[PDB]
Amino acid sequence: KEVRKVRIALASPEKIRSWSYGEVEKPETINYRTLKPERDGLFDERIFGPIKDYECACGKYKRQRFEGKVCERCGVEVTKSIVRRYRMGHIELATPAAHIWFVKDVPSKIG
Amino acid sequence: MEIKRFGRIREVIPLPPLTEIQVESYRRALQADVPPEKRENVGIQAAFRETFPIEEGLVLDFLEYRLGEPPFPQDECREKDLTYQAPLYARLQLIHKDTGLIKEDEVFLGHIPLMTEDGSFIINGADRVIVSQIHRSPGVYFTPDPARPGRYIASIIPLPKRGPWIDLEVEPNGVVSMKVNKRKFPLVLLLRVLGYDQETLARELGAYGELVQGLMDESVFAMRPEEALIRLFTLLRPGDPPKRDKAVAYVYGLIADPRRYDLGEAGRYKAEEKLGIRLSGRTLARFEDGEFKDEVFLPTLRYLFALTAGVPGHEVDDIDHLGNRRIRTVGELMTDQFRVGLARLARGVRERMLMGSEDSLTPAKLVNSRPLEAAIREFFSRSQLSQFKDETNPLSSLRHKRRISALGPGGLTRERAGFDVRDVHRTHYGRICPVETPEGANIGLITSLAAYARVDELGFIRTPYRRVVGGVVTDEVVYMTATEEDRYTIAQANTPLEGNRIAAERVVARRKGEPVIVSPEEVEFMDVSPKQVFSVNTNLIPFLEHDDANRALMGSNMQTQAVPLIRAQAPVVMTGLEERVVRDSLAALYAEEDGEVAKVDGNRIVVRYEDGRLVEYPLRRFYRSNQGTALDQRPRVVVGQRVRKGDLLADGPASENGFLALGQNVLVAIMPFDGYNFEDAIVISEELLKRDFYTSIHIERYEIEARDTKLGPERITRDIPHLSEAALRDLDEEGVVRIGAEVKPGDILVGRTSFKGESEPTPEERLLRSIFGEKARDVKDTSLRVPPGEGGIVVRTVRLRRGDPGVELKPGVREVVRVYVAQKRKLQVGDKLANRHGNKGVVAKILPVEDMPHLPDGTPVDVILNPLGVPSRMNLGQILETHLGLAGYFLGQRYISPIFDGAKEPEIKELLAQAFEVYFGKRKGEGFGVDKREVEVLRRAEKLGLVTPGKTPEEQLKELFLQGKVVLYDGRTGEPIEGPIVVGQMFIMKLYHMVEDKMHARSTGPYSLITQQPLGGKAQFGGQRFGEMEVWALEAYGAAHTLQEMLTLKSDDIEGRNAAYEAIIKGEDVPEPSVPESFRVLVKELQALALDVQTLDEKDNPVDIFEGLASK
Amino acid sequence: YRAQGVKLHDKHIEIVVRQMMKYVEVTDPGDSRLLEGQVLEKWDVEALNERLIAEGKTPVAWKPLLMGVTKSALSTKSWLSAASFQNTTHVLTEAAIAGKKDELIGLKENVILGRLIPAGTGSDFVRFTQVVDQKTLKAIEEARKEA
Amino acid sequence: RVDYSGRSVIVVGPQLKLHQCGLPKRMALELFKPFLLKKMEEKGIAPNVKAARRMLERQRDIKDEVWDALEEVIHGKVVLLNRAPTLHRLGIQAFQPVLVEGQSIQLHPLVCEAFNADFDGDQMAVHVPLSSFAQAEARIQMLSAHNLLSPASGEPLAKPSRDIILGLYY
Amino acid sequence: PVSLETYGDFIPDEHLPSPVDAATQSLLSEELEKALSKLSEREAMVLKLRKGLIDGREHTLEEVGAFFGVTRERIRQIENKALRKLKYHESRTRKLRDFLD
Amino acid sequence: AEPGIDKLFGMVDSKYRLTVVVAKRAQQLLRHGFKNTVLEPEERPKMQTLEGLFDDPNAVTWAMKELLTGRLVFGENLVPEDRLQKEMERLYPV
Amino acid sequence: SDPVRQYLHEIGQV
Amino acid sequence: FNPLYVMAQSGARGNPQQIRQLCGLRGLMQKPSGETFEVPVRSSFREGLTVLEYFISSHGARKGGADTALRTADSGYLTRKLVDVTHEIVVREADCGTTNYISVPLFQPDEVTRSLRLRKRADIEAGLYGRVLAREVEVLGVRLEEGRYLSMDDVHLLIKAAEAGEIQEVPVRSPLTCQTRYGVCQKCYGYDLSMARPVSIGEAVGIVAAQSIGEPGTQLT
RNA sequence: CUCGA
DNA sequence: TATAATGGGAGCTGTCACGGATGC
DNA sequence: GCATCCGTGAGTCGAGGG
Ligand SMILES: [Mg+2]
Ligand SMILES: [Zn+2]
Ligand SMILES: [Zn+2]
């Protein structure tokens, strides 16, 4: 189809969780010695997708013949690595937090 | 050749050392030649004095310090990319109050960068310059309230980051307030804290009508200083518990503490002069005998109430006045960052004293040098006033050190600076040059110090003047501040003088900058020279009085952009300052004492002096400067030559026989040529490239690193996968290009092989592997090649290996290779030429010698300038330079014509007459009469009124020559130009802007990580940015597909650009563009803001632009 | 402009001034859902007024409202055009709250998305034009004629 | 920032027709590089595309036959010349390029007013329209010779000035 | 690590293929099919299955042998003769040499 | 300036309609290898080469010249888009 | 306004 | 035939004020405060200026450059504003069919307020040339029809009839009165000033208008 | 930030 | 893993004009 | 109704340089 319109609105937490491919639990980036994504971290491949095209973390499925297949061992989907610019993560807060734009933008929308 | 000099003005004093504003300041701060007991309280010595003692072991105290010798010399530092610096040792002692135990040790605080002889620094191998800063001098000021006419504002200003500004205002309700850290409170409250009583304030401040009743508050006098102090503390510190000892500590620090609040030494003097009082310390008040004692507060409030009431003797202040503005030199700017870095070390000391054993501690254990090193390292690296040195020519370096900036840390932010700071103040005279300053947004912010100008110990700029007593001008010279100058009447430097006495009964003088005509009796002082009004570069412009200031600005600013030429010549017409500049810039080599030269060599000069000692001067040859120009010294003397003290030995870069040479002296003809010189463009003779005029040597440094990786180490080797002998031809055994080899774009400088990344061979690669039956090699070709549009001959190779003596690299790095590739640049089309008068343009055409307009004797002109450039620009100096240059051509003599005193027209007419006799008179002796073509032009001239009718052909030709015009023949025809053309010698330079460096093109290339759009820059081989204003252009034309091309296929569309390049190479039309990637980034970056961006169709049904990739 | 010797056609200025008058303020709702003091476009209020008049209802009483270019630019219907200009935060928030939809009417909207600008060669007027030679034109005409 | 673009210092040619501009060879070789490869395969200058690209990578490997191929490439096509700042639409104009020796771009005198470009060291950027559409938009609409008048006034934007006026007046 | 905003405009993208490389892989995939078309439908298919140009993975001699039905000894020499016929077609035409880097 | 450009701006009701017409026709020629040209052999635009005159590689150049002859028909909704494509592919194989 | 000061105050309550 | 005079007259280079400084006096100059110095430089660049005279002049030169510097920043801002407000404006149709127009006056009230006098030629051409008449105009025995695009000669004719007291104002189709949505029509906008012919539909006048206003923004002193 | 326009 | 210690330090500010909430 | 604090703007492209 052709895009005739662009709409912007508010995202519900459920909507936010729908975009999410996983929750990032650990405030970690990459392994220090191996320079690879840390599990449940910000760079984790289990969430945001594979680093190399059509190849998993452990290397069990290395080819395009497996597509949409999620590896059992490393839990990493086999697909194009370009999705790392796409798939959203999410962080679930213990207590609700206000969106600062709807607070400090005068007059306040929440106020 | 003989050099004739004009002007009747005799300079009483020569120019002061020009780099002294750098050298003397940094020497004043270091005091390295001064024994530790004789050091004053100024400089880095002060920093130790402010920081120490450090209490709460208990007491860590400072004794003295010292500076060791540099670990590496200047040249070696530039080689290894180290910093030229000296180690800093400080003797400290730990003292326990209770125990009485004293442990003394000398601790190493790190290294402090050292200034070179010429006034610059070397930081990490790169020469840098600390630019002096200008700001508002500390003190007490009074300015009219913009909102309330008749009412004034008292402002007490300390040094930068020395503590807060304070404003004393008389409120509409009548009370006198005070502003500290943006807080309004009654001043009376603080006055009580100082111990003042209504008894004292009534007698002192009562004399001024009804300003004293706003100062009267009974509730304030109803409480003792201890109560009012806590009252003030609650006002300035909400939420903080009003403890008595915490209240004293705040106010003491905010007001009485010299360790925190410090007025300038000038700020002290300024406050004393203005308020008519005397300051014991540099603070606003003191803590003495358990209480606070007022210093600056009462006399300030006294001055305000007097100014407001209209009491005479009280005037407002001009903040732009050079008496109220000072200069922060390299010494003061470094001291502050040394002062901060020392206080950071103190915070680590008190923190160390709380931890560890209270018994065993040494000054070595307490002191961490890291916070001190960092503060210094940042100031010589990332500071704004620390700039990359301009080495392009010796004048560039000299000017760069003489710069003044109103910007930088503690200075004015850009949005703050209006007209006032930028404007030339009447007090700039003799101090700050009205001419030199950048074009554009930087105008008035960055200036240059005047030639004779001097920065005193208080930071202000002083200018020299001559004492005039009873109409007699003495040789006594008095440097005055901007304030001191206003007290006298100072006559101009060109004032007529018979002997030492004033000749004229009416002289031109200034009173507070205001020009006035007075008598010799009324003249207190006289200007030393016309040279004192202008900067160094502006003083290099001959006939400056005939040039408009706007173009003189360019002529001045473009001299520093001049590229040193191998053949470079001194100007035929000079200002006489060409010798001093070369000397003070340390470009040329000179003789230290009288003696005989023992040896003369290209690399070396050995001199035997009167002492009998043999001194060997090594010569710098073909050294690469910062900008890439070649810096070399050529010996000017011969073996056995008898030389005196201060005599030239070797000519530095851009220098001829001890004179400053920024360019060539060429014979110019001013006339339009076939639209080739249209709009400032220039047409040059091919004869310039034949004799190598305007040819310069340029060097370009290339660097590469071999490092240890997790896939295995990279290495420099001659073994490069998939390369023939043709590619490896000039590489040595180790894989480095040999010395003296010609390199072209695409050629390999240093061979390098890195292990390939982890590689899953694609089905196309595996099948292709088996077909040719060749195993894929482990490494790949990373080798450093020559960047497109660059090249030359390699003159040097430097290699640093790990595991080799004296060599330690950064972690992970095996070896670092540096290849130096020089070049010889001939003048070409697109190179920029300019003169000293502001005339500038690129060369649009190079004509063969036979097409050039020529003289009757057959001599072709060099440069053809367009006369249309003159009238609108209003710079006539180049015209006078040319006329006098014409005479110098046939008389074989140069000229010294100082600014504002120089050759008048009649004096040049006399020379032109003598030139004619050599030019024309030679012809009549050669047995040749007048040419037919000359008569035709003469007939035209008679109609033009350039010649008097009836005179012989010779007499009329002379009349034209006196006007500097000659008969010119077109080379293409042989027919004469229909009128006489102005032709003569002009001094023209080649600027650093050249078409070789500036040309760039890209088809496809590297793209940025996120945006996925082409990188910026030439070195990165990037594409040209198409901006908002350029998009508007395509829109205004209405070309959609040209615009949609720029937004998709040519930049960020990954599917689009890949499909486009494949389409062209297959001879297919380009495909329809898809969604630009940067828009997807916008969508995703908005999702992180919890905003849902939905692309919808006409049916309002969402359309996925990510094609199911981001959707679960 | 005349003072500085710059010849400029009045109509250019008129284009801009027209955009300054683009908005109006309601002096009374009448039968509409509009509020007193509410600001909207002069086009949309007359489009509602002609609908209410055709419905026999009471038309909205409005006032002419002048605003500078900066305010008129931020007051535009397209949120992509507004946020691309300035006060991005203030723009996006109100746009997200109202669940605003951009019809991509203007140039700037399409420039961002990388679409074809509704001007010149991309204008709907001239973009559907077809080119055919007489040999091809007659070849198709015979296929139509036989059917 | 876009691909197929370059820049250099501008120099006035007298000899250019109003619709022409001097474009340096070394720039045009790079700008038209994908087209140059295709033309090289159509002739005997190279077996294939990749072999032709490797040929141009090294300067000493560039022979005379490739330039004559480049001339065939740019024939009839126009580039886009632009100078910053762009105040109005004439800050970008379409020109049929003419290969020249030297690193400098050549500009026609009469369009200098619209660009507000002098010869004092101004530079200009080059842009190459790819599609047959973008070349059709440029040639018809954006051609210098196709806009003789100012959209702001309607008085001629390209007119004799400087030396041309001085010569005519003489 | 150091911040990108200190500098991120000077950093190239080494991951995604440039249009040069993208077109190079595209011209390689096409030229390989031009060479494999000069073989029989079998020996071209065996070579595609052996190097994994079909399903993406390289099959053993038993799997390609069981697919076509022939013994592993047979299917290995069908691969050889297909590789040998490609070596002769390559030396003659010299089309695939440039891609060997 | 483009030859006869004044005449071309007279054929159209908008300067832009001309460009769309010229661009589309230039695409038809490229796709069909110039077999569909309405130009007579003497009207063929020529490019002077090292050897001699050869056909002009520029599709837009031809399109403008074809348009000057009046042998081309422009307008909206003359023929269905997909039907127009294959009638040319039948007459002039690509 | 200042998180630290606000905390030090809530600490001063007990 | 004097070179300076020729270039001045021909319009090749220079203006009378610039020529005066090369020949006559340099003139009066400004103090940094905007105040004017009572003593003007009596010198010309031909003669040369003293060191004091040169210094008095640099006050203005500095003020001038700094003015231009800070001006271009504000002009650039205005230009971007105009674009953003006018960007959606493009000519979408031939005629919106409006009955509304504006009346372009050929006469302006004198400063003496004595009577009405004819406007300057340049000013009339600015609001007339390239515009469509919304009503029939009969002047000097000539018929200018409703819907006519006024040529340059049509304007000069209207000026003549005004001098004859026949027509004091000209009805004109204007973008102010244009009822087209999301832009203007062809008739209201009038000529495309580049081609001196009626504007081609699809032309974006908004960007063109914004650019036209913005361009001589650095020229306004 | 410093330069070029 | 156990002497007992219980409220932070940072702070140079030379522009203008706009809307709009905030207060007298 | 009217002073005052807060947030928001304040020219383009291209070199070099840390
Ligand atoms: Mg210029
Ligand atoms: Zn796995
Ligand atoms: Zn209309």
# chains A, B, ... in the order shown; residues from 1 in each chain; ligands from 1
$ residues_around --residues "region 68-81 of chain D" --least-positions-apart "5" --cutoff "9 Å" --atoms "only C-alpha atoms (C1' of nucleotides)" --output "compact mmCIF listing (two decimals) with N, CA, C and O atoms, in the first residue's frame"
# COMPACT_ATOMS: atom_id res chain seq x y z
N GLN D 20 26.62 26.56 -20.59
CA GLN D 20 27.78 25.69 -20.36
C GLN D 20 28.57 26.02 -19.09
O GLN D 20 28.53 27.14 -18.58
N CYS D 21 29.29 25.02 -18.59
CA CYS D 21 30.27 25.22 -17.52
C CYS D 21 31.44 24.25 -17.66
O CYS D 21 31.26 23.09 -18.02
N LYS D 25 38.07 17.06 -15.43
CA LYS D 25 37.96 15.66 -15.81
C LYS D 25 37.97 14.74 -14.60
O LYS D 25 37.16 13.83 -14.49
N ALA D 28 34.67 14.74 -12.95
CA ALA D 28 33.65 14.12 -13.79
C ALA D 28 33.83 12.61 -13.87
O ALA D 28 32.86 11.86 -13.99
N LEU D 29 35.09 12.17 -13.82
CA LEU D 29 35.40 10.74 -13.82
C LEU D 29 34.80 10.08 -12.59
O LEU D 29 34.26 8.98 -12.66
N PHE D 32 30.62 10.65 -12.53
CA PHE D 32 29.94 9.82 -13.52
C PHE D 32 30.42 8.37 -13.48
O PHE D 32 30.04 7.56 -14.32
N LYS D 33 31.27 8.07 -12.50
CA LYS D 33 31.96 6.78 -12.39
C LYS D 33 31.11 5.52 -12.67
O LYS D 33 31.56 4.63 -13.37
N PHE D 35 28.51 5.44 -14.58
CA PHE D 35 28.20 5.52 -16.01
C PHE D 35 29.44 5.20 -16.84
O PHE D 35 29.34 4.58 -17.90
N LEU D 36 30.60 5.63 -16.35
CA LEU D 36 31.86 5.43 -17.04
C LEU D 36 32.22 3.95 -17.14
O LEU D 36 32.77 3.50 -18.15
N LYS D 39 30.00 2.38 -19.90
CA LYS D 39 30.48 2.75 -21.23
C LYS D 39 31.76 2.00 -21.57
O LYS D 39 31.98 1.64 -22.73
N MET D 40 32.60 1.77 -20.57
CA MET D 40 33.85 1.05 -20.77
C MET D 40 33.62 -0.41 -21.17
O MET D 40 34.44 -1.00 -21.87
N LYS D 43 32.49 -0.60 -24.84
CA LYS D 43 33.67 -0.54 -25.70
C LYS D 43 34.67 -1.60 -25.24
O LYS D 43 34.41 -2.36 -24.31
N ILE D 45 37.45 -1.25 -23.72
CA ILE D 45 38.37 -0.69 -22.73
C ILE D 45 38.52 -1.58 -21.50
O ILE D 45 39.40 -1.36 -20.67
N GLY D 91 20.30 30.02 -6.88
CA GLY D 91 21.52 29.58 -6.21
C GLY D 91 21.91 28.18 -6.62
O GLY D 91 22.96 27.67 -6.21
N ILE D 92 21.06 27.55 -7.41
CA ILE D 92 21.36 26.27 -8.04
C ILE D 92 20.92 26.36 -9.49
O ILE D 92 19.78 26.69 -9.77
N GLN D 93 21.84 26.09 -10.42
CA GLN D 93 21.50 26.17 -11.83
C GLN D 93 22.07 24.99 -12.62
O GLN D 93 23.09 24.41 -12.23
N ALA D 94 21.40 24.65 -13.72
CA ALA D 94 21.80 23.51 -14.54
C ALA D 94 22.69 23.93 -15.70
O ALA D 94 22.38 24.87 -16.43
N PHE D 95 23.80 23.21 -15.87
CA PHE D 95 24.75 23.49 -16.94
C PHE D 95 25.18 22.21 -17.64
O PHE D 95 25.35 21.17 -17.01
N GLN D 96 25.36 22.30 -18.95
CA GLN D 96 25.94 21.21 -19.71
C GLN D 96 27.45 21.31 -19.56
O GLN D 96 28.06 22.26 -20.03
N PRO D 97 28.06 20.32 -18.88
CA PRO D 97 29.48 20.39 -18.51
C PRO D 97 30.42 20.24 -19.70
O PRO D 97 30.10 19.54 -20.66
N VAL D 98 31.57 20.90 -19.62
CA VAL D 98 32.61 20.77 -20.63
C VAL D 98 33.93 20.43 -19.96
O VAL D 98 34.47 21.23 -19.20
N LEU D 99 34.45 19.23 -20.24
CA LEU D 99 35.67 18.76 -19.60
C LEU D 99 36.83 19.72 -19.79
O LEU D 99 37.04 20.24 -20.89
N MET D 124 32.25 26.24 -5.48
CA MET D 124 30.90 25.77 -5.75
C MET D 124 30.82 24.25 -5.66
O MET D 124 31.82 23.55 -5.81
N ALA D 125 29.61 23.75 -5.41
CA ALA D 125 29.39 22.32 -5.31
C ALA D 125 28.72 21.80 -6.58
O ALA D 125 27.90 22.49 -7.18
N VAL D 126 29.08 20.59 -6.98
CA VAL D 126 28.49 19.97 -8.16
C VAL D 126 27.52 18.87 -7.73
O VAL D 126 27.79 18.14 -6.78
N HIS D 127 26.40 18.77 -8.43
CA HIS D 127 25.45 17.69 -8.20
C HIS D 127 25.03 17.09 -9.52
O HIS D 127 24.81 17.80 -10.50
N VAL D 128 24.93 15.76 -9.57
CA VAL D 128 24.59 15.07 -10.80
C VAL D 128 23.23 14.40 -10.71
O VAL D 128 23.06 13.43 -9.97
N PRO D 129 22.24 14.93 -11.45
CA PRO D 129 20.94 14.26 -11.54
C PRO D 129 21.07 12.92 -12.26
O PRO D 129 21.69 12.84 -13.32
N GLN D 135 17.06 14.51 -15.08
CA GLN D 135 17.75 15.16 -16.18
C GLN D 135 16.78 15.98 -17.02
O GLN D 135 17.17 16.95 -17.66
N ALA D 138 15.99 19.15 -14.83
CA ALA D 138 17.13 20.06 -14.85
C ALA D 138 17.26 20.81 -16.17
O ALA D 138 17.36 22.03 -16.19
N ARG D 139 17.25 20.07 -17.27
CA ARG D 139 17.44 20.67 -18.59
C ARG D 139 16.35 21.66 -18.96
O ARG D 139 16.64 22.76 -19.42
N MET D 142 15.63 24.01 -14.97
CA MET D 142 16.72 24.54 -14.16
C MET D 142 17.91 25.05 -14.96
O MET D 142 18.90 25.50 -14.38
N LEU D 143 17.82 24.95 -16.28
CA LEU D 143 18.89 25.43 -17.14
C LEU D 143 19.09 26.92 -16.92
O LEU D 143 18.13 27.67 -16.79
N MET F 47 25.91 12.13 -32.25
CA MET F 47 27.02 12.46 -31.37
C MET F 47 28.32 12.27 -32.13
O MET F 47 28.58 11.20 -32.66
N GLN F 48 29.14 13.32 -32.19
CA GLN F 48 30.40 13.23 -32.91
C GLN F 48 31.45 12.54 -32.05
O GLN F 48 31.81 13.03 -30.97
N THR F 49 31.95 11.40 -32.53
CA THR F 49 32.93 10.61 -31.80
C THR F 49 34.31 10.74 -32.44
O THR F 49 34.49 11.50 -33.39
N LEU F 50 35.28 10.01 -31.90
CA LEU F 50 36.62 9.95 -32.48
C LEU F 50 36.55 9.42 -33.90
O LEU F 50 37.23 9.92 -34.80
N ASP F 56 22.79 9.74 -30.82
CA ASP F 56 22.90 10.42 -29.53
C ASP F 56 22.43 9.51 -28.41
O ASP F 56 21.27 9.11 -28.38
N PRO F 57 23.33 9.19 -27.47
CA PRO F 57 23.03 8.30 -26.33
C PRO F 57 21.97 8.88 -25.40
O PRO F 57 21.36 8.15 -24.63
N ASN F 58 21.75 10.19 -25.49
CA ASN F 58 20.83 10.87 -24.59
C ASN F 58 19.37 10.66 -25.01
O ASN F 58 18.97 11.02 -26.11
N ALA F 59 18.59 10.07 -24.11
CA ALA F 59 17.18 9.79 -24.40
C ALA F 59 16.34 11.06 -24.34
O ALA F 59 15.37 11.20 -25.07
N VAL F 60 16.73 11.98 -23.47
CA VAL F 60 16.00 13.23 -23.30
C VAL F 60 16.17 14.12 -24.53
O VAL F 60 15.22 14.79 -24.95
N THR F 61 17.37 14.12 -25.10
CA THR F 61 17.67 14.88 -26.31
C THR F 61 16.70 14.50 -27.42
O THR F 61 16.12 15.37 -28.08
$ closest_atom_pairs --of "chain C" --to "chain F" --cutoff "7 Å" --atoms "only C-alpha atoms" --output "tab-separated table"
residue	atom	partner	partner_atom	distance
C:120	CA	F:16	CA	5.5
C:121	CA	F:16	CA	5.2
C:126	CA	F:17	CA	4.9
C:127	CA	F:20	CA	6.6
C:128	CA	F:76	CA	6.0
C:129	CA	F:76	CA	4.5
C:130	CA	F:75	CA	5.5
C:131	CA	F:74	CA	4.9
C:132	CA	F:73	CA	5.4
C:133	CA	F:72	CA	4.7
C:134	CA	F:72	CA	6.4
C:136	CA	F:88	CA	6.4
C:140	CA	F:87	CA	6.6
$ write_last_selection --atoms "N, CA, C and O atoms" --output "short mmCIF file (atom, residue, chain, number, x, y, z; two decimals), in the first residue's frame"
data_model
loop_
_atom_site.label_atom_id
_atom_site.label_comp_id
_atom_site.auth_asym_id
_atom_site.auth_seq_id
_atom_site.Cartn_x
_atom_site.Cartn_y
_atom_site.Cartn_z
N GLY C 120 5.16 21.35 -9.02
CA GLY C 120 5.89 21.16 -10.26
C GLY C 120 5.62 19.81 -10.91
O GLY C 120 4.47 19.43 -11.13
N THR C 121 6.70 19.08 -11.20
CA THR C 121 6.60 17.79 -11.86
C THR C 121 5.93 16.73 -10.99
O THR C 121 5.59 15.65 -11.47
N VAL C 126 -0.21 17.68 -13.38
CA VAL C 126 0.58 17.26 -14.53
C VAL C 126 1.23 15.88 -14.45
O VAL C 126 1.85 15.43 -15.41
N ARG C 127 1.10 15.19 -13.32
CA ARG C 127 1.87 13.96 -13.12
C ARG C 127 1.25 12.72 -13.75
O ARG C 127 1.92 11.70 -13.91
N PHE C 128 -0.03 12.80 -14.11
CA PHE C 128 -0.72 11.66 -14.70
C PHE C 128 -0.73 11.69 -16.23
O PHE C 128 -1.32 10.82 -16.87
N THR C 129 -0.07 12.70 -16.80
CA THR C 129 -0.02 12.87 -18.25
C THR C 129 0.70 11.70 -18.93
O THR C 129 1.71 11.20 -18.43
N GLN C 130 0.17 11.27 -20.08
CA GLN C 130 0.73 10.13 -20.81
C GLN C 130 1.34 10.53 -22.15
O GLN C 130 0.92 11.51 -22.78
N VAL C 131 2.34 9.77 -22.59
CA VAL C 131 3.01 10.02 -23.87
C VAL C 131 2.93 8.79 -24.77
O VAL C 131 3.36 7.71 -24.39
N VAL C 132 2.38 8.97 -25.96
CA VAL C 132 2.26 7.87 -26.92
C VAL C 132 2.50 8.33 -28.36
O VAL C 132 1.98 9.37 -28.78
N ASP C 133 3.29 7.57 -29.10
CA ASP C 133 3.49 7.81 -30.53
C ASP C 133 2.30 7.31 -31.34
O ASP C 133 1.57 6.42 -30.90
N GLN C 134 2.12 7.87 -32.53
CA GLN C 134 0.97 7.52 -33.38
C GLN C 134 0.96 6.06 -33.83
O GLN C 134 -0.11 5.49 -34.05
N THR C 136 2.03 3.53 -31.96
CA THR C 136 1.52 2.82 -30.80
C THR C 136 0.06 3.18 -30.55
O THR C 136 -0.76 2.31 -30.23
N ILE C 140 -3.12 0.33 -30.47
CA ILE C 140 -4.06 0.09 -29.38
C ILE C 140 -5.48 0.38 -29.83
O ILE C 140 -6.43 -0.26 -29.36
#
$ residues_around --residues "residue 166 (chain D)" --least-positions-apart "2" --cutoff "7 Å" --atoms "only C-alpha atoms (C1' of nucleotides)" --output "VMD selection string"
(chain D and resid 162 to 164 168 to 170) or (chain H and resid 7 10 12)
$ residues_near_ligand --ligand "ligand 3" --cutoff "10 Å" --atoms "only C-alpha atoms (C1' of nucleotides) and all ligand atoms" --output "list in words"
residues 91, 92, 93, 94, 95, 96, 97, 98, 99, 100, 101, 173, 174, 175, 176, 177, 178, 179, 180, 181, 183, 184, 185, 186, 187, 188, 189 and 190 of chain H
$ interface_residues --of "chain C" --to "chain H" --cutoff "6 Å" --atoms "only C-alpha atoms" --output "short mmCIF file (atom, residue, chain, number, x, y, z; two decimals) with N, CA and C atoms, in the first residue's frame"
data_model
loop_
_atom_site.label_atom_id
_atom_site.label_comp_id
_atom_site.auth_asym_id
_atom_site.auth_seq_id
_atom_site.Cartn_x
_atom_site.Cartn_y
_atom_site.Cartn_z
N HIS C 9 8.20 42.48 -6.10
CA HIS C 9 6.79 42.50 -6.45
C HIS C 9 5.92 42.40 -5.19
N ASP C 10 4.88 43.22 -5.13
CA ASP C 10 3.98 43.24 -3.98
C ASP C 10 3.35 41.89 -3.69
N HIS C 12 4.48 38.92 -3.73
CA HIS C 12 5.29 38.03 -2.91
C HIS C 12 4.97 38.23 -1.43
N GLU C 14 2.24 39.63 -0.31
CA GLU C 14 0.83 39.29 -0.15
C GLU C 14 0.63 37.82 0.19
N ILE C 15 1.48 36.96 -0.36
CA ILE C 15 1.43 35.53 -0.06
C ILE C 15 1.62 35.30 1.43
N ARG C 18 -1.10 36.89 3.72
CA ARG C 18 -2.27 36.02 3.63
C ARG C 18 -2.21 34.91 4.68
N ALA C 73 3.27 29.65 11.75
CA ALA C 73 3.98 28.44 11.35
C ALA C 73 3.76 27.31 12.34
N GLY C 106 1.44 19.88 2.57
CA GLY C 106 2.52 20.78 2.22
C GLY C 106 3.78 20.10 1.69
N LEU C 107 4.78 20.92 1.37
CA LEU C 107 6.04 20.42 0.84
C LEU C 107 6.90 19.76 1.91
N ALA C 119 4.29 19.74 -5.91
CA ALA C 119 4.56 20.93 -6.71
C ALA C 119 5.39 20.61 -7.95
N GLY C 120 5.16 21.35 -9.02
CA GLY C 120 5.89 21.16 -10.26
C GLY C 120 5.62 19.81 -10.91
N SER C 123 3.21 17.55 -9.09
CA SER C 123 1.85 18.02 -8.88
C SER C 123 0.86 17.06 -9.52
#
